[PDB]
Amino acid sequence: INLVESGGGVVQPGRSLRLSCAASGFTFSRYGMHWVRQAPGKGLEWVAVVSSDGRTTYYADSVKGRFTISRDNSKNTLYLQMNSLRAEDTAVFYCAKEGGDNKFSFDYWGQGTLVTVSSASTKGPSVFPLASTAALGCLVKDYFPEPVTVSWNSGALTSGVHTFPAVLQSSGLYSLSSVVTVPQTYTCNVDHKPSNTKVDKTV
Amino acid sequence: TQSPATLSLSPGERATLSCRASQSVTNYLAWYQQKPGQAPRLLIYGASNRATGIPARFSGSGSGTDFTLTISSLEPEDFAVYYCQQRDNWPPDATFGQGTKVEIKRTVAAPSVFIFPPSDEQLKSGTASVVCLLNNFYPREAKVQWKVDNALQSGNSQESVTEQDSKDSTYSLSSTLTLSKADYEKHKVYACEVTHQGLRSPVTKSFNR
Ligand SMILES: *O[C@H]1[C@@H](O)[C@@H](CO)O[C@@H](OC)[C@@H]1O[C@@H]1O[C@@H](C)[C@H](O)[C@@H](O)[C@H]1O
């Protein structure tokens with residue numbers, strides 16, 4: 001029993017994405033399938049379902065007319081065509097299987113795939129410094145998209161480190177802070193792969 | 001509706017969680033466990049049946065429209081987020097409870113507070129970020145109030161919190177106040193005032209531009 005998703009991506013509003021979720025380990029055509037999304041910092045939110053034989057679909061109000069769910073039983077794959085994407089669609093989308101002994105529950109899930117919708121463009125961050133028990137840090141500001149990594153002294157300093165979850169600013173750019181409390185030298189190593197930004201910052 | 005929103009228990013204690021559904025139809029109710037960064041794992045199906053691989057310490061039952069999920073004795077891997085779920089025949093849509101978080105109970109710890117002025121680096125770039133750090137506190141609930149020359153700030157700050165620390169089980173919080181540079185440059189006193197249980201009275205850190 002397995003489900004592998006793919007298709008997630010960073011997209012601008014109005015564009016389209018197609019998600020995939022291939023199934024293996026039980027025979028696909030026997031069960032109904034669903035898509036459940038989870039926005040950043042929110043709960044499970046149901047999206048749509050498609051019947052076993054693929055002929056009757058159903059959608060949540062917020063995506064009707066825009067997303068269409070379907071499946072190809074022959075190739076054991078469920079699909080979610082997503083058009084007219086808006087900024088509020090960004091969430092992790094999982095495909096899920098109706099239960100075998102009760103199908104009002106979801107017994108299996110895909111690993112999930114990220115859908116990011118933004119009118120922002122890829123950008124490297126600016127790393128600004130935050131200066132008996134002292135605290136210092138690095139403000140990793142104005143970047144897009146997620147994610148970024150932060151370490152101190154090339155991984156050597158680890159105790160007392162708190163790297164906060166990124167926050168999405170009004171500008172559409174992310175921003176995150178990474179601190180460390182100390183009772184020598186301090187360098188935050190920042191890596192923003194989407195833009196090839198490697199920045200060491202000695203505080 | 002799920003509740004409570006948060007359950008602070010120690011390992012070995014009994015965790016009892018609530019979910020109020022639309023119907024009492026026993027068969028349309030389920031429970032999931034979810035940890036950060038991972039997909040939902042089915043625990044209970046049909047309101048009282050344990051799914052494949054779910055240990056005996058997890059139990060469930062329904063009384064009217066109120067379903068309860070019981071964790072007889074909390075183990076270390078049980079501190080996660082739990083959702084209840086519902087779906088019937090037609091129409092087919094599922095609905096999810098908004099989730100209950102099982103948190104690690106710890107002793108109260110007041111946050112040590114730090115205020116950070118915008119660096120000269122960012123100011124030459126056109127902006128001003130004022131940061132407020134609340135370090136290693138418990139419990140989670142904490143209120144930060146930003147101040148500029150005595151003016152109460154509202155809508156211009158954002159905060160984020162870390163997961164419960166693995167060694168001490170506390171929380172750390174960061175609050176960033178965004179001001180335009182020229183705005184920042186025309187005021188003098190900046191302060192984050194913090195309210196927390198471990199503090200008998202509010203504490204505020206401040207600096208003069
Ligand atoms: O199980 C299906 C069957 O009961 C027929 C005829 O009674 O009705 C269908 O719904 C109109 C039932 O399928 C429902 O929708 C599909 C998409 C789901 O996969 C099923 O679990 C059920 O909810």
Side-chain angles (χ1 to χ4, degrees), chain A residues 1 3 32 34 36 38 42-49 51 56-61 92 94 96 98-112 126-131 133-137 139 141-142 159-160 162-170 175-179 181, chain B residues 2 25 27-32 34 37-42 44-47 49 51-52 81 83 85-99 112-114 116-123 125 127 129 131 133 135-136 158-163 165 167 172-174 176 178:
Chain A
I1 343 106
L3 299 165
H34 310 232
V36 173
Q38 174 159 59
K42 303 71 138 166
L44 307 173
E45 215 183 77
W46 189 76
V47 176
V49 57
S51 78
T56 68
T57 59
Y58 208 78
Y59 310 78
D61 279 22
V92 171
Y94 305 91
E98 250 170 55
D101 27 35
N102 173 312
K103 43 47 159 170
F104 291 123
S105 65
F106 301 114
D107 71 350
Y108 284 90
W109 302 63
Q111 92 282 0
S126 287
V127 187
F128 301 115
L130 294 155
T133 177
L136 49 99
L139 199 215
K141 202 185 193 298
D142 301 325
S159 302
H162 285 127
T163 298
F164 296 96
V167 137
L168 180 71
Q169 306 160 108
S170 309
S175 161
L176 82 64
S177 259
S178 178
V179 296
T181 26
Chain B
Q2 287 185 227
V25 186
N27 261 14
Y28 309 146
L29 256 278
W31 291 91
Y32 303 79
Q34 182 185 49
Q38 312 175 189
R41 165 65 115 85
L42 175 66
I44 303 275
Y45 72 78
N49 309 271
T52 299
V81 172
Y83 298 94
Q85 177 253 319
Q86 156 205 158
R87 185 181 89 88
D88 37 78
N89 210 229
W90 198 277
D93 52 314
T95 47
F96 282 96
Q98 83 304 128
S112 54
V113 187
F114 299 91
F116 294 98
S119 71
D120 288 339
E121 290 84 306
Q122 155 177 251
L123 293 171
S125 297
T127 344
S129 291
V131 179
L133 173 66
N135 216 244
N136 314 310
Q158 292 192 269
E159 69 181 24
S160 73
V161 192
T162 52
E163 284 297 295
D165 192 59
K167 148 68 165 47
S172 265
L173 171 160
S174 188
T176 304
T178 306

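All chains are named by letter (A, B, ...) in the order of the sequence lines, taking the proteins before the strands, and each is independently numbered beginning at 1. The figures here come from the full heavy-atom set of this structure, side chains too, leaving out hydrogens, waters and symmetry mates.
- Here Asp101(A) is the residue among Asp101(A), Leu139(A), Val92(A), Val49(A) with the most heavy-atom pairs under 4.5 Å with chain B.
- Of all the heavy atoms in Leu42(B) and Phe106(A), the pair that sits closest is CB-O, 3.4 Å.
- A 4.5 Å side-chain heavy-atom check between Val36(A) and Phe96(B) finds at least one atom pair inside the cut-off.
- Only the side chain of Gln85(B) comes within contact range of chain A, with at least one heavy atom under 4.5 Å from a heavy atom of that chain.
- Aromatic ring pairs are classed by plane angle as parallel below 30°, tilted from 30° to 60° and perpendicular above 60°; the pair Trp90(B) and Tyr58(A) is perpendicular.
- Residue with the most contacts toward chain B among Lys141(A), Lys42(A), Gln111(A), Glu45(A): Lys141(A) (heavy-atom pairs, distance under 4.5 Å).
- Under a 3.5 Å cut-off, the side chain of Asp107(A) and the backbone N or O of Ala51(B) do not form any donor-acceptor pair.
- Heavy-atom pairs under 4.5 Å with chain A were tallied for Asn89(B), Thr127(B), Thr176(B), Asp120(B); the largest tally goes to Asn89(B).
- Across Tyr59(A), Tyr108(A), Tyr94(A), the residue that shares the most heavy-atom pairs under 4.5 angstrom with chain B is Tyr94(A).
- No side-chain donor-acceptor contact under 3.5 Å links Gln122(B) to the backbone of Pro129(A).
- Within the 4.5 angstrom heavy-atom criterion, no atom of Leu176(A) approaches chain B.
- Contact annotation for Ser175(A): neither backbone nor side-chain heavy atoms come within less than 4.5 Å of a heavy atom of chain B.
- Only the backbone of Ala131(A) comes within contact range of chain B, judged by heavy atoms closer than 4.5 Å.
- When heavy atoms are compared at a cutoff of 4.5 Å, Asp165(B) approaches chain A solely by way of its side chain, counted from C-beta outward.
- For the pair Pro40(B)/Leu44(A), a side-chain contact is recorded, criterion being any heavy-atom separation below 4.5 Å from C-beta on.
- Only the backbone of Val161(B) comes within contact range of chain A, with heavy atoms under 4.5 Å apart.
- In this structure, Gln158(B) contributes its side chain and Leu168(A) its backbone to a donor-acceptor pair below 3.5 Å.
- Contacts between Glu163(B) and chain A at a heavy-atom distance below 4.5 Å are absent for every atom of the residue.
- At a 4.5 Å heavy-atom cutoff, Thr178(B) makes no contact with chain A through either its backbone or its side chain.
- Annotation: the span from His162(A) atom NE2 to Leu173(B) atom CG amounts to 11.5 Å, rounded to 0.5 Å.
- When heavy atoms are compared at a cutoff of 4.5 Å, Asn135(B) approaches chain A solely by way of its side chain, counted from C-beta outward.
- Contact of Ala135(A) with chain B is made through backbone and side chain together, with heavy-atom distances under 4.5 Å.
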- Taking it one step at a time, do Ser125(B) and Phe128(A) satisfy side-chain contact (heavy atoms from CB on, under 4.5 Å)? CA-CA 11 Å; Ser125(B) 297; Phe128(A) 301 115; 4.3 Å; yes
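- Only the backbone of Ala134(A) comes within contact range of chain B, with heavy atoms under 4.5 Å apart.
- Contact annotation for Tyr83(B): only side-chain heavy atoms (C-beta onward) come within less than 4.5 Å of a heavy atom of chain A.
- For a residue to count as touching a neighbouring chain, one of its non-hydrogen atoms must lie under 4.5 Å from one of that chain's; by this rule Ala39(B) touches chain A with backbone and side chain alike.
- Here the side chains of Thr162(B) and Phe164(A) are in contact, with some heavy-atom distance below 4.5 Å.
- The main-chain N or O of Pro165(A) is found under 3.5 Å from a side-chain atom of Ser160(B) such that the two form a donor-acceptor pair.
- Heavy atoms of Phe114(B) lying under 4.5 Å from chain A belong exclusively to its side chain.
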